[PDB]
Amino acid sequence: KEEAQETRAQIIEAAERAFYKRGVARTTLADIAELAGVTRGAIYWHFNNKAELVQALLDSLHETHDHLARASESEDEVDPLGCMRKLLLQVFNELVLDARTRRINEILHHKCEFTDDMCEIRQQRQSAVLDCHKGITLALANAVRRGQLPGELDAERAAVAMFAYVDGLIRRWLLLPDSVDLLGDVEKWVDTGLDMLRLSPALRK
């Protein structure tokens, strides 16, 4: 029950609407609280500040891909590349179909400044990205151990090349959706990225 565990989910939903409408920079807890139907104190009970909320939205994105990620990263996975290809297809699908994922991504890329007032936001991002980076490198190592991608493949650099590509593609669809048939052509887009990892000599040390 009680007071309400699910109040925490109600506050997050309102934080999404507020951030999407006014942007993170100019949203205050008061705004969010009025929007949720609660008091600032009810927000303070779940979050110590605005950075914590942003954090929660960020963190929510990882859930849906949890299993597919852990799969690719694991040593005992027979088909590590196959899991990464699967995950990317999910990432792009969730992005195109789920208004929730779209909005949080929109907030993250286009509605969330990095300013000296909440270095917390930029810090959250940095570590979030280094994390994702570590994960990516691990997967690349596994695909190599299994000869799914060329032997002496500079993992670190390919990881960055991957993340960059995917990241910029997401941001591109966000800015101009009707100029990237992301849904229909998911296969191509994902593979374009994947092809780079194996066919590109520049990524080979």
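In this text, residue numbers run from 1 along the sequence as written. Heads up, when I say rigid core I mean the largest set of C-alphas that superpose within 1.5 Å between the two forms.
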Report summary line: in 4 other deposited structures of this protein, with the rigid core superposed, the stretch whose C-alphas stray more from the shown form, 54 to 62 or 38 to 46, is 38 to 46
Report task. Compare the mean C-alpha B-factor of 47 to 55 with that of 146 to 154 as given in the PDB entry, and name the stretch with the higher value. Result -> 146 to 154
Requested in this report: Would you tell me which stretch averages the higher CA B-factor in the PDB entry, 96 to 104 or 117 to 125?
Outcome: 117 to 125
Query raised in the report: Based on the PDB record, which member of 130, 91, 81, 112 exhibits the highest Cα temperature factor?
Result: 81
**Report entry** Lowest, middle or highest third - CA B-factor, residue 160
**Finding:** lowest
Requested in this report: Sorting the chain's modelled residues by C-alpha B-factor, tell me whether residue 36 ends up in the lowest, middle or highest third.
Outcome: middle
Query raised in the report: Based on the entry's values, in what third of the chain does the Cα temperature factor of residue 191 lie: lowest, middle or highest?
Result: middle
Query raised in the report: Lowest, middle or highest third: where is residue 197 by C-alpha B factor in its chain?
Result: highest
Query raised in the report: Which third of the chain does residue 70 land in by C-alpha B-factor: lowest, middle or highest?
Result: highest
